[PDB]
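Heads up: the structure comes next, in structure tokens.
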Amino acid sequence: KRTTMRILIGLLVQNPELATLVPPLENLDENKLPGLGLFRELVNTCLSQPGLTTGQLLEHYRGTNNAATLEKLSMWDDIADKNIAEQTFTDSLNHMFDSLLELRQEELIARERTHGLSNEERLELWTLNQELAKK
């Protein structure tokens with residue numbers, strides 16, 4: 001499989017302190033990722049509950065319509081770590097960002113061959129291509 005909103009969420013579930021390691025989502029938003037809202041809510045809620053834990057998370061969502069999804073991520077043996085969790089969080093986050101920058105790149109070039117994006121937007125692409133040339 002791919003990253004998907006599963007690694008970012010399931011890692012945050014198993015490690016709610018990763019909520020302090022996540023950015024303010026400026027280049028992401030809930031618009032560019034149709035489902036990041038679940039991750040963003042979870043982080044936002046973790047930041048709203050200082051001292052929340054892996055197990056206490058389910059108790060904070062006890063009996064919620066979303067608890068079933070959170071149960072799936074909690075019982076998620078597909079990771080089950082805490083050291084690899086942080087590394088995979090950064091790598092996953094990088095993958096999400098990479099993909100959004102890839103999408104943005106294609107959006108920009110799709111607006112060059114017709115609309116004509118600005119000289120700056122056409123240059124932004126060069127810089128972005130250099131960032132993508134070396135992960």
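Naming scheme: A, B, ... for chains in displayed order of the structure tokens; residues 1 onward per chain; ligands 1 onward as shown.
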All helix (DSSP H, G or I) residues (DSSP, backbone) inside chain A, as a ChimeraX atom specification
/A:4-14,16-19,29-32,36-48,54-60,67-74,83-110,119-132
A:86, A:120, A:107, A:112 ranked by distance to residue A:20, top pick (using only C-alpha atoms)
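For residue A:20, the nearest of the given residues is A:86.
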Between A:87, A:45, A:92, A:14, smallest distance to residue A:75 by only C-alpha atoms belongs to A:14
Expressed in Å, the length from atom CA of residue A:62 to atom CA of residue A:15 is 18.3 Å
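Straight-line separation from atom CA of residue A:98 to atom CA of residue A:35: 17.0 Å.
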So that each row is one residue of stretch 94-135 of chain A with an atom at most 9 Å from stretch 26-29 of chain A, can you give its shortest atom pair and the distance in Å to one decimal, using only C-alpha atoms, rows by chain and rising number, as JSON lines?
```
{"residue": "A:96", "atom": "CA", "partner": "A:28", "partner_atom": "CA", "distance": 8.5}
{"residue": "A:97", "atom": "CA", "partner": "A:28", "partner_atom": "CA", "distance": 7.4}
{"residue": "A:100", "atom": "CA", "partner": "A:28", "partner_atom": "CA", "distance": 7.2}
{"residue": "A:101", "atom": "CA", "partner": "A:27", "partner_atom": "CA", "distance": 8.6}
```
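Considering the residues A:130, A:64, A:4, A:105 and counting only C-alpha atoms, residue A:117 has its shortest atom-to-atom contact with A:105.
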A straight line from atom CA of residue A:7 to atom CA of residue A:88 spans 7.7 Å
Closest of A:48, A:94, A:54, A:127 to residue A:3, counting only C-alpha atoms, is A:94
Residue A:40 proximity check over A:74, A:8, A:55, A:17, using only C-alpha atoms: winner is A:8
*asked:* Restricting the calculation to only C-alpha atoms: of A:56, A:99, A:65, A:49, which residue gets closest to residue A:13?
replied: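 Result for the nearest residue to residue A:13: A:56.
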Exercise: stretch 66-72 of chain A partners within 9 Å, only C-alpha atoms, chain neighbours under 4 positions left out, as a list in words:
residues 9, 10, 13, 57, 58, 61, 62 and 76 of chain A
With N, CA and C atoms retained, could you export that selection as a PDB file, in the first residue's frame?
```pdb
ATOM      1  N   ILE A   9      -2.625   9.145  10.832  1.00  0.00           N
ATOM      2  CA  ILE A   9      -3.600   9.041  11.920  1.00  0.00           C
ATOM      3  C   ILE A   9      -3.166   7.974  12.918  1.00  0.00           C
ATOM      4  N   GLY A  10      -2.987   6.722  12.496  1.00  0.00           N
ATOM      5  CA  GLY A  10      -2.666   5.600  13.367  1.00  0.00           C
ATOM      6  C   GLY A  10      -1.405   5.844  14.187  1.00  0.00           C
ATOM      7  N   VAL A  13      -2.509   8.428  16.829  1.00  0.00           N
ATOM      8  CA  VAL A  13      -3.290   7.656  17.785  1.00  0.00           C
ATOM      9  C   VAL A  13      -2.345   6.975  18.776  1.00  0.00           C
ATOM     10  N   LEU A  57      -7.241   8.274  24.504  1.00  0.00           N
ATOM     11  CA  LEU A  57      -7.832   8.760  23.268  1.00  0.00           C
ATOM     12  C   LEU A  57      -9.184   8.092  23.024  1.00  0.00           C
ATOM     13  N   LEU A  58      -9.244   6.760  23.106  1.00  0.00           N
ATOM     14  CA  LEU A  58     -10.483   6.018  22.876  1.00  0.00           C
ATOM     15  C   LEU A  58     -11.501   6.374  23.948  1.00  0.00           C
ATOM     16  N   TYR A  61     -13.190   9.577  23.129  1.00  0.00           N
ATOM     17  CA  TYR A  61     -14.127   9.354  22.032  1.00  0.00           C
ATOM     18  C   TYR A  61     -15.090   8.213  22.396  1.00  0.00           C
ATOM     19  N   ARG A  62     -15.203   7.847  23.677  1.00  0.00           N
ATOM     20  CA  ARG A  62     -15.984   6.702  24.123  1.00  0.00           C
ATOM     21  C   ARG A  62     -17.417   6.823  23.622  1.00  0.00           C
ATOM     22  N   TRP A  76      -4.571  -1.414  15.220  1.00  0.00           N
ATOM     23  CA  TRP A  76      -3.807  -1.451  14.002  1.00  0.00           C
ATOM     24  C   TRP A  76      -2.376  -1.948  14.195  1.00  0.00           C
TER      25      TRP A  76
END
```
- Message: Report as a PyMOL selection string all protein, DNA and RNA residues lying within 9 Å of residue A:16, evaluated on only C-alpha atoms, omitting residues in the same chain fewer than 3 positions from it.
- Response: chain A and resi 11-13+19-20+42-43+46-47+51-54+57
Selection from above, C-alpha atoms, as an mmCIF file, in the first residue's frame, can you write it?
```cif
data_model
loop_
_atom_site.group_PDB
_atom_site.id
_atom_site.type_symbol
_atom_site.label_atom_id
_atom_site.label_comp_id
_atom_site.auth_asym_id
_atom_site.auth_seq_id
_atom_site.Cartn_x
_atom_site.Cartn_y
_atom_site.Cartn_z
ATOM 1 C CA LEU A 11 0.740 6.983 14.360
ATOM 2 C CA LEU A 12 -0.871 10.063 16.010
ATOM 3 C CA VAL A 13 -3.290 7.656 17.785
ATOM 4 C CA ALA A 19 0.567 16.378 17.715
ATOM 5 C CA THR A 20 3.311 18.840 18.845
ATOM 6 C CA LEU A 42 -7.476 14.227 15.839
ATOM 7 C CA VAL A 43 -4.336 16.401 16.175
ATOM 8 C CA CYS A 46 -4.935 16.043 21.006
ATOM 9 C CA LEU A 47 -3.630 19.652 21.305
ATOM 10 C CA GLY A 51 -1.824 14.774 28.706
ATOM 11 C CA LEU A 52 -4.003 12.641 26.352
ATOM 12 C CA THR A 53 -2.612 9.111 25.748
ATOM 13 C CA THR A 54 -2.952 6.192 23.261
ATOM 14 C CA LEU A 57 -7.832 8.760 23.268
#
```
